[PDB]
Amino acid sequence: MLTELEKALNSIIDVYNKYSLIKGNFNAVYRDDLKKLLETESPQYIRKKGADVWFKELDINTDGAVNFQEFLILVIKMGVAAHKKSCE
């Protein structure tokens, strides 16, 4: 059986696929899918940045999609911000 930490990491994959499976390339999250992801999965202080702003930051190759690696940029940034809030 996996540890709680390993299960958390595998669950992050599952969160991405919840949105990547919606349409198109199933290893791609499109702009509207990201808005849904942010609204549903992220805290207020992450949502406040706005879905279009986040999409442009995450879509590093400007191909109109956020792949899983690009999604992990959001995860990194959410983790750093959440850790800062936890210490405050």
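A residue's number is simply how far along the shown sequence it sits, counting from 1.
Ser42: CA B factor in the middle third of modelled residues in this chain (values from the PDB entry). When the CA B factors of the chain's modelled residues are split into thirds, the value for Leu74 lands in the lowest one.
When the modelled residues of the chain are ordered by their C-alpha B factor, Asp59 lands in the lowest third. Among all modelled residues in this chain, the alpha-carbon of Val66 has a temperature factor (C-alpha) in the lowest third.
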